[PDB]
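Asker: Quick mapping for you: the protein sequence lines, in order, are chains A and A'. A prime marks a further copy of an entry chain.
So the first sequence is numbered by the deposited numbering: it starts at 1 and just counts up by one.
So the second sequence is numbered by the deposited numbering: it starts at 1 and just counts up by one.
C-beta: ideal position from N, C-alpha, C; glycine also.
There's a structure below that I have some questions on.
Number of protein chains: 2
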Amino acid sequence: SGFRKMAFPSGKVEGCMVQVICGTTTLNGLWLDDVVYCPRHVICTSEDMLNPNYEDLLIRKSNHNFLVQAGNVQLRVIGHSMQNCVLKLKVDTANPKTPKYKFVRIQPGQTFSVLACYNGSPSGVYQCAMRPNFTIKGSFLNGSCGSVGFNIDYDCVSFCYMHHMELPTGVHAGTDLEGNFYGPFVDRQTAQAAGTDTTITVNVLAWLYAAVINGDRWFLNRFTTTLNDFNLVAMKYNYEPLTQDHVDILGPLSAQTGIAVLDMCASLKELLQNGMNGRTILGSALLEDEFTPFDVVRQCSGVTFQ
Amino acid sequence: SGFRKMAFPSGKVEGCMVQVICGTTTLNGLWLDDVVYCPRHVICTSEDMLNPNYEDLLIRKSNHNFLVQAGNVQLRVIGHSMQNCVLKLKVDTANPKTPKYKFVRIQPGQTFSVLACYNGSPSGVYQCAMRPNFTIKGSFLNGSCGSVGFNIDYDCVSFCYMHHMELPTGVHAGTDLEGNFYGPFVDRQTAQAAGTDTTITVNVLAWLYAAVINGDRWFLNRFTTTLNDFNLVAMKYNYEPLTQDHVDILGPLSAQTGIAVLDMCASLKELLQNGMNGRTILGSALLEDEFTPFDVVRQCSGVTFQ
Ligand SMILES: *C(=N)[C@H](C[C@@H]1CCNC1=O)NC(=O)[C@@H]1[C@@H]2[C@H](CN1C(=O)[C@@H](NC(=O)C(F)(F)F)C(C)(C)C)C2(C)C
Ligand SMILES: *C(=N)[C@H](C[C@@H]1CCNC1=O)NC(=O)[C@@H]1[C@@H]2[C@H](CN1C(=O)[C@@H](NC(=O)C(F)(F)F)C(C)(C)C)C2(C)C
Ligand SMILES: CCN(CC)CC(=O)Nc1c(C)cccc1C
Ligand SMILES: CCN(CC)CC(=O)Nc1c(C)cccc1C
Numbered sequence: 001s002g003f004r005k006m007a008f009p010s011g012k013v014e015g016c017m018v019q020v021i022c023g024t025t026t027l028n029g030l031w032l033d034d035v036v037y038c039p040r041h042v043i044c045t046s047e048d049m050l051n052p053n054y055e056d057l058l059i060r061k062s063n064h065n066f067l068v069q070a071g072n073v074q075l076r077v078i079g080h081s082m083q084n085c086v087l088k089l090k091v092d093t094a095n096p097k098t099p100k101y102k103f104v105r106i107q108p109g110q111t112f113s114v115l116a117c118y119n120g121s122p123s124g125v126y127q128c129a130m131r132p133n134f135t136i137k138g139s140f141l142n143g144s145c146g147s148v149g150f151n152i153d154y155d156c157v158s159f160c161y162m163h164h165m166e167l168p169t170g171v172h173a174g175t176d177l178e179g180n181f182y183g184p185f186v187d188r189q190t191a192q193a194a195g196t197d198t199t200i201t202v203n204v205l206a207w208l209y210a211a212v213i214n215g216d217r218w219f220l221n222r223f224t225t226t227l228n229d230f231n232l233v234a235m236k237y238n239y240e241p242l243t244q245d246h247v248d249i250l251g252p253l254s255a256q257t258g259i260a261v262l263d264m265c266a267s268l269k270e271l272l273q274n275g276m277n278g279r280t281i282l283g284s285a286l287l288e289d290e291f292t293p294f295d296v297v298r299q300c301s302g303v304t305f306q
Numbered sequence: 001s002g003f004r005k006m007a008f009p010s011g012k013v014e015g016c017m018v019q020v021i022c023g024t025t026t027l028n029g030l031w032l033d034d035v036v037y038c039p040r041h042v043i044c045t046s047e048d049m050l051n052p053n054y055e056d057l058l059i060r061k062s063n064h065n066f067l068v069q070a071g072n073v074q075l076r077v078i079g080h081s082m083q084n085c086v087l088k089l090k091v092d093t094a095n096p097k098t099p100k101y102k103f104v105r106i107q108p109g110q111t112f113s114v115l116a117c118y119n120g121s122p123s124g125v126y127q128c129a130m131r132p133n134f135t136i137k138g139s140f141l142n143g144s145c146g147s148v149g150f151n152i153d154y155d156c157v158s159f160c161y162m163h164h165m166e167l168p169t170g171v172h173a174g175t176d177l178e179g180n181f182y183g184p185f186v187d188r189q190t191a192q193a194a195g196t197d198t199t200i201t202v203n204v205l206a207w208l209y210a211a212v213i214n215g216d217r218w219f220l221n222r223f224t225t226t227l228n229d230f231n232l233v234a235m236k237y238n239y240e241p242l243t244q245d246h247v248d249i250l251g252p253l254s255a256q257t258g259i260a261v262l263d264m265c266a267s268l269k270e271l272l273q274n275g276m277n278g279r280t281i282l283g284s285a286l287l288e289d290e291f292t293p294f295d296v297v298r299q300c301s302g303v304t305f306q
């Protein structure tokens with residue numbers, strides 16, 4: 001029993017992290033086969049970042065302007081190109097630690113692990129969700145850019161995020177590994193703000209199932225509801241609408257616990273209308289929305305990885 | 001900015017996890033040099049666990065009764081012994097992935113990362129604190145025993161916990177790597193219960209400093225207090241006493257923020273007497289006590305590891 005915010009084991013990703021230095025700017029890169037991927041603003045001075053023309057800045061660089069450090073070994077850059085907001089540095093050595101991997105673009109509400117790195121070295125690992133407003137609530141300092149987010153499937157690492165920037169309220173924005181930002185943000189140091197965020201309803205329901213699996217059952221009422229009736233109430237409280245796809249995704253947890261999804265929706269509706277009355281669920285005084293249905297199954301059923 | 005419950009990167013520990021099978025019982029072992037460490041109840045049938053005589057059960061086993069699987073390779077057991085609640089299996093191959101390591105016994109209030117494993121394979125990583133009542137609030141299922149807790153120091157893995165059992169309320173108990181339990185628990189399936197837990201005051205103060213570093217400052221009052229006056233109030237609310245050692249440990253965060261430890265104690269005292277008035281700190285509606293002063297420094301300053 002017990003339920004914690006759990007990250008994937010990080011070893012496969014640790015083997016891919018390198019340091020990328022361009023002049024004086026230093027950040028992290030991801031070394032897969034003979035390519036190192038990193039944020040393009042590694043080519044910027046502090047002044048350039050205020051209003052960069054990345055195409056112009058990259059013109060002015062040759063392969064020799066990039067230093068890649070992998071442990072005690074320097075890797076020679078023998079080609080470079082830009083793909084959206086990511087720089088791809090071809091190096092003279094393919095990484096012998098390259099895991100089976102994919103590049104994926106995730107949907108809002110999906111979760112992933114972040115290996116927070118500085119100077120090519122890992123600092124720590126934590127779990128994040130892609131928020132509906134296309135930010136993540138991470139923990140990142142200067143030099144963290146190029147840290148990646150990922151999921152594991154048996155032996156395959158699905159990279160879904162590369163870190164680029166921090167927005168007001170201290171939330172974070174970045175790209176997929178093709179360099180395309182999540183959300184309407186740009187890699188320029190000028191005032192930008194995330195839109196109003198919303199609560200990921202399907203994930204809250206997943207976490208209520210996790211609570212029931214763990215014996216935290218006080219919030220279960222005797223009611224049911226229609227999907228339409230639930231959604232009008234949740235829209236009031238800045239919850240995302242629940243779709244039939246979400247209901248279908250919750251099926252395995254519903255069958256395990258013997259609680260129909262619409263019955264759990266009625267329980268959630270009561271929590272939204274009445275509050276928690278000074279009680280906790282799984283040790284939290286707030287409803288938690290950063291566990292997906294699969295996260296609950298993976299953790300409560302002991303799914304392992306190679 | 002941002003502040004998350006962060007685990008250490010797990011790769012060095014992943015390289016040490018193996019499967020130990022004794023007859024039909026299967027759990028995890030820790031492979032370091034030519035020794036595999038695992039919980040002694042691997043030698044128990046389900047019936048034995050109700051009231052085991054481990055010395056008698058181990059008599060009856062030979063080296064051939066233990067199978068150790070490390071990836072696709074089976075390791076021959078060529079010796080065995082018992083050290084308190086841990087079994088040590090000498091194998092014919094030293095682990096080439098053995099990191100620099102130490103065995104340490106931690107104090108209540110200290111934190112560590114857990115690599116939760118099943119069948120020798122990692123499932124996930126999360127951060128835990130040793131509670132004042134010598135339990136940890138983990139997430140563990142059948143077959144998780146032998147999963148370890150650890151801290152990293154540059155390149156050195158300090159192993160501090162091996163998982164053995166779950167107690168009522170769904171909290172967890174285990175041993176150091178010499179097999180000595182934390183707390184007054186025994187590895188027998190009979191009714192046991194943790195004593196009343198308390199809140200780790202020095203860690204709450206560390207987390208309030210983390211909040212201030214992140215700009216969450218609404219709870220800072222204009223008062224100071226003596227250490228004695230603070231401790232009488234906190235004792236009322238089941239908080240551990242704050243010692244001069246704790247004050248000294250908080251010094252670096254106090255100096256960084258320019259907030260005297262006793263001033264932050266006055267702020268905490270007000271939160272305990274008045275509550276949070278429907279507000280959050282670092283996104284939490286409850287005061288958090290599972291970040292140590294070093295955890296706050298490591299995360300907010302970007303300390304990395306080899
Ligand atoms: C990569 N190493 C850093 C990570 C930042 C640093 C502080 N917390 C983080 O996550 N990325 C940056 O410093 C980027 C980078 C220029 C400026 N920047 C920012 O994150 C800034 N944010 C913005 O300008 C805003 F609001 F638009 F997001 C900063 C004020 C430094 C937080 C570039 C090229 C965007
Ligand atoms: C190791 N693989 C498991 C981990 C357990 C399983 C459920 N959650 C966990 O953390 N260890 C055990 O099953 C141990 C083991 C016998 C029984 N046991 C327990 O954890 C039981 N707890 C107790 O008997 C109590 F209350 F004393 F802690 C159980 C009822 C199965 C939760 C031995 C040898 C102690
Ligand atoms: C790059 C796109 N992927 C899609 C799965 C191919 C791949 O990962 N191949 C791969 C395999 C099969 C074993 C070990 C290492 C690698 C890199
Ligand atoms: C076992 C007790 N430790 C105390 C630090 C010795 C140690 O870890 N030695 C070690 C070194 C120095 C480098 C690589 C691997 C190992 C095992």
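Can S158(A) and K102(A) be called in contact, C-beta distance under 7 Å?
Answerer: yes
Asker: Looking at the structure shown, is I259(A') part of a helix, part of a strand, or coil, going by DSSP?
Answerer: coil
Asker: Since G143(A') meets chain A, which of its residues come closer than 8 Å, beta carbon to beta carbon?
Answerer: Within 8 Å Cβ-Cβ: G302.
Asker: Under 7 Å between beta-carbons, which chain A residues line up against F8(A')? List them in chain order, please.
Answerer: In chain order: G124.
Asker: Pick out the complete beta strand (DSSP E) segments inside the region 101-176 of chain A', 3 residues or longer, and give them in chain order.
Answerer: Here the runs fully enclosed are 111-118, 121-129, 148-153, 156-167 and 171-175.
Asker: So if DSSP puts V18(A') in a beta bridge, which residue, or which two residues, is it bridged to?
Answerer: Answer is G29(A'), bridged to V18(A').
Asker: Helix, strand or coil for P39(A)? Go by DSSP, reduced to three states.
Answerer: strand
Asker: Answer yes or no: do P122(A') and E14(A') have a C-beta to C-beta separation smaller than 7 Å?
Answerer: Taking 7 Å as the cut-off, the Cβ atoms of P122(A') and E14(A') count as close.
Asker: Residues in the same chain with beta-carbon distance under 6 Å from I106(A'), minus the five sequence neighbours each way, listed in chain order, please.
Answerer: Excluding residues within five positions, the ones whose Cβ falls inside 6 Å are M130 and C160.
Asker: Measuring alpha carbon to alpha carbon, tell me which of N274(A), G258(A) and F223(A) ends up nearest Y237(A).
Answerer: For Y237(A), the nearest C-alpha among the options comes from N274(A).
Asker: Between which residues of its own chain and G138(A') is the CB-CB distance below 8 Å, once the five residues before and five after are set aside?
Answerer: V114, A116, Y126, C128, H163, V171 and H172
Asker: Could you check which residue in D245(A'), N214(A'), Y209(A') and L262(A') has the C-alpha nearest to that of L227(A')?
Answerer: Among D245(A'), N214(A'), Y209(A') and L262(A'), the Cα nearest to that of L227(A') belongs to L262(A').
Asker: Can you tell me which of the three DSSP states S81(A) falls into?
Answerer: strand
Asker: Would you give the residue range spanned by the alpha helix (DSSP H) that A211(A) belongs to?
Answerer: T201 to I213
Asker: Check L67(A') in the structure and name its three-state DSSP category.
Answerer: strand
Asker: Of all Cβ atoms in chain A, is any one closer than 7 Å to the Cβ of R4(A')?
Answerer: yes
Asker: Is it buried or exposed for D245(A), if we count other Cβ within 10 angstroms and need 16 for buried?
Answerer: exposed
Asker: Taking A211(A') and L272(A') to be in contact with their CB atoms under 8 Å, please state how far apart those CB atoms are, rounded to whole angstroms.
Answerer: The pair is not a contact, with the Cβ atoms about 16 Å apart (cut-off 8 Å).
Asker: Helix or strand or just coil, what does DSSP make of residue 307(A')?
Answerer: Nothing about residue 307(A') can be read from this structure; chain A' reaches only from 1 to 306.
Asker: Give the interface partners of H172(A') over in chain A, defined as CB-CB distance under 8 Å, in chain order.
Answerer: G2
Asker: Measuring alpha carbon to alpha carbon, tell me which residue in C156(A'), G124(A'), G146(A') and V73(A') is nearest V104(A').
Answerer: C156(A')
Asker: Does the distance from the C-beta atom of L287(A') to that of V202(A') stay below 7 Å?
Answerer: no
Asker: Taking the alpha-carbon positions, what's the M17(A') to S62(A) distance?
Answerer: 44 Å
Asker: For a test of your reading of the model: does the CB of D187(A') fall under 6 Å from any non-hydrogen atom of ligand 2? Yes or no.
Answerer: yes
Asker: At a CB distance below 8 Å, what residues from the region 274-300 of chain A approach chain A'? Give them in sequence order.
Answerer: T280, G283, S284, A285, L286, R298, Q299 and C300
Asker: Excluding the 5 residues flanking residue 327(A') on each side, which residues of the same chain have their C-beta closer than 6 Å to its C-beta?
Answerer: Look at the range of chain A' in this structure, 1 to 306, and you will see that residue 327(A') is not part of it.
Asker: So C85(A) and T175(A) are supposed to be a Cβ contact under 8 Å. How far apart are they, rounded?
Answerer: 5 Å
Asker: Tell me whether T98(A') counts as near ligand 4, meaning its Cβ is closer than 6 Å to at least one heavy atom of that ligand.
Answerer: yes
Asker: Chain A' beta carbons: is any one of them nearer than 7 Å to that of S158(A)?
Answerer: no
Asker: Is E47(A) close to chain A'? Criterion is C-beta to C-beta, closer than 7 Å.
Answerer: no
Asker: Consult DSSP for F181(A') and reduce its assignment to one of helix, strand or coil.
Answerer: strand
Asker: Give the straight-line distance between the Cα atoms of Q306(A) and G302(A'), rounded to the nearest whole angstrom.
Answerer: 29 Å
Asker: Closest to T257(A) by CA distance: which of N277(A), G215(A), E270(A) and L232(A) is it?
Answerer: Ranking the options by Cα distance to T257(A), first place goes to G215(A).
Asker: Find the residues of chain A that neighbour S121(A'), judging by a C-beta separation of less than 8 Å, and give them in chain order.
Answerer: Neighbourhood of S121(A') in chain A, by CB distance below 8 Å: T304, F305 and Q306, in chain order.
Asker: Count the other C-beta atoms from every protein chain shown that fall within 10 angstroms of the C-beta of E166(A), then say buried if there are 16 or more, exposed otherwise.
Answerer: So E166(A) ends up on the buried side.
Asker: So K90(A') packs on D34(A'), CB below 8 Å; how close in whole Å?
Answerer: Taking a contact as a CB-CB distance under 8 Å, the pair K90(A') and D34(A') counts as one, their CB atoms being some 6 Å apart.
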